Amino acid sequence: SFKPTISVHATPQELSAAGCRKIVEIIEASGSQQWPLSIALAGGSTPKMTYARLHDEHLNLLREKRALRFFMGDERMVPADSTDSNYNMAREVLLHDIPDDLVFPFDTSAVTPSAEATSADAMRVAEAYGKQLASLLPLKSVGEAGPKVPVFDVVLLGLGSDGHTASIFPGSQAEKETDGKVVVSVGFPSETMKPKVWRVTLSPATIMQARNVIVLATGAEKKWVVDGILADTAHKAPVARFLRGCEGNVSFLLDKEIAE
């Protein structure tokens, strides 16, 4: 059934060290002929620290050595220089140093600060990204018969207290996109989550085809979420329970609390 790897870390500087260690280890295990490996980045302070660690400790591996091709697993429909942009964050801590031919943020260039984006806009950005992905990454039939989705080597994920991952929110349509017909979907945050802006996100089908999925999550308030992914039988399941269906390697980098 479901056996992900789980490791617990007392501090942020410890989990960030393991997150970055885990990526490097996947990078080395793959060897240079496989590079660049594709990785879908997540937003949030935990990954942020992991990025800064790669920036400080393995720039050479990524720049001179071109180990990874960076993508965004989910994004806020705001301008790229907005502080609410996942890319903005990623770029501030790491990507301003990564070759441009190895960085692929979402195209939010039509999003201005005068008019909030709608689902119409998010859908446009998603379709376009889906196209780039199919052109850049390997495609794989879903269920050996089904439609074609791109295969990432690595997807970094976060988890919210509403049990969502990436920008795939409870009750959402994105959440239902598991058959492969939709590679990048759309979604609006639930009540307890901010910023209140439309999102684009890798669908669950795309994520379940990734070769490695690494979830970093802290907080006692997110424990129900992990508990709910790991349970034998689904009961009042969080959205993230779909991760159970991941075809590749799943790992949880957890703090002491969310673990307990």
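Counting begins at 1, following the sequence as shown.
Visitor: If you average the Cα B factors in the entry, which is higher, 244-252 or 7-15?
Guide: Result: 7-15.
Visitor: Which is higher in the entry, the mean Cα B factor of 210-218 or that of 229-237?
Guide: Here the higher of the two C-alpha B-factor means belongs to 229-237.
Visitor: In terms of recorded Cα temperature factor, pick the maximum from 160, 99, 113, 187.
Guide: Largest recorded C-alpha B-factor: 113.
Visitor: Sorting 156, 151, 128, 80 by Cα temperature factor from the record, which one lands on top?
Guide: By C-alpha B-factor in the record, 80 ranks first.
Visitor: Relative to the other modelled residues of the same chain, rank the CA B-factor of residue 49 and answer lowest, middle or highest third.
Guide: CA B-factor rank for residue 49: highest third.
Visitor: If you rank the chain by CA B-factor, which third does residue 192 end up in: lowest, middle or highest?
Guide: Tercile = middle for this residue's CA B-factor.
Visitor: Looking at the entry's B-factor column for C-alpha atoms only, identify whether residue 132 ranks in the lowest, middle or highest third of its chain.
Guide: Its C-alpha B-factor belongs to the middle third of this chain's values.
Visitor: Taking the entry's C-alpha B-factors for this chain, is residue 75 in the lowest, middle or highest third?
Guide: Lowest third.
Visitor: Compared with the other modelled residues in the chain, in which third is the CA B-factor of residue 173?
Guide: Answer is highest: the recorded C-alpha B-factor places it there.
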